[PDB]
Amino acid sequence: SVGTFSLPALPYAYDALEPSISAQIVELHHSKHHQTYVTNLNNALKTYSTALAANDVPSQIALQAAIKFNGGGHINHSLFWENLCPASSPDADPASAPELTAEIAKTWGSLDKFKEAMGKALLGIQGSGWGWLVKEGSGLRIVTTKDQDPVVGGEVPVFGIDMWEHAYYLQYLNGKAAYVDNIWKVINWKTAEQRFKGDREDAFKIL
């Protein structure tokens, strides 16, 4: 049965990521923005199934933008909620990710140096997009994606940070640097460790 995705439940209350991310943002981001991606993804997929059966290639290609945008939106936000957690949770302690943080230190020198590099990448995004820590081969890389484009080229997403203005604007206004500075407090390193130790299939099973 094509196109039966549903909006996943949050692992925490809307206000659980405060003070880094306000309850108003988490509620809008999940119940409105993510909801819209799920809904529009299901509709595009059913329409695609029709075109595919009719061997209608122009319609299939014309539907790709909706499927990438809403499918990517669903993929990215689903990953996002799971790699966030309350700042007071032990999951927010990078000690929860011994293997990943060891490789981060191996690659950037230290967790702090990595955070600086990641922050630069996030703040350098022009327009809407995401920043990701990914596993490529056996190594780690910082990559950015445009709009709702997902990391589907083969790399394993370890964690993502949303840099769309709706992710921060109500609370931080134009101050995206402050959003980035504060989001580190609510990164779920237990999730990141899990993804780092598993393969691409493992990371996407939550969908």
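Residue positions are given as counts along the sequence shown, with the first one as 1.
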Mean Cα B-factor check, 60 to 68 vs 42 to 50, entry values; winner is 42 to 50
Stretch with higher mean Cα temperature factor, 138 to 146 vs 30 to 38, is 138 to 146
Looking only at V158, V152, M163, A178, the Cα with the top B-factor belongs to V152
For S89, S78, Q126, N83, the deposited C-alpha B-factor is largest at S89
Among the modelled residues of its chain, the C-alpha B-factor of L122 falls in the third labelled lowest
Chain thirds by Cα B factor, record data; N182 belongs to the middle
Of the three thirds of Cα B-factor ranks in this chain, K113 occupies the highest
